[PDB]
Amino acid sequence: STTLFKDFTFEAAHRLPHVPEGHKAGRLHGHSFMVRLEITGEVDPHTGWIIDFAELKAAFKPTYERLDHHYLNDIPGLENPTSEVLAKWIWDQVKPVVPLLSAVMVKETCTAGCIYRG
């Protein structure tokens, strides 16, 4: 078994609407978000790879454009943009064009994140 992964970062704004009154996350703020796409599958004997890294980047690119330098709450499905909802949403957007996807990781900060799978 072989797993490949590629990391991306994007700069965005968000706010959490269902947190308690005066919770710091309920104010408009932002992060440099780290996402990791992980894919599992067979290695081709000839090319020596599961899929070209550049090909994983290209598949993620339209989702990436929509996230980077944007305000996440304005994206349908992200109206509650926690790390967990974000990772599921990314899975849902990318799984159909990367059928070998087996994990998506979202880090909001250098110290805290989330991993979504199947």
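Numbering starts at 1 and runs along the sequence shown.
Undergrad: Please compare 64 to 72 with 40 to 48 and name the stretch with the higher mean C-alpha B-factor in the deposited structure.
TA: Looking at the recorded C-alpha B-factors, 40 to 48 comes out higher on average.
Undergrad: On mean Cα temperature factor in this entry, is 3 to 11 or 107 to 115 the higher one?
TA: Taking the mean B-factor of the alpha carbons in each, 107 to 115 is higher.
Undergrad: Among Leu78, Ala54, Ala87, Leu28, which residue carries the highest C-alpha B-factor recorded in the PDB entry?
TA: Top of the list by C-alpha B-factor: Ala54.
Undergrad: Considering only modelled residues of the same chain, in which third does the CA B-factor of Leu101 rank: lowest, middle or highest?
TA: For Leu101, whose C-alpha B-factor we compare with every modelled residue in the chain, the answer is the lowest third.
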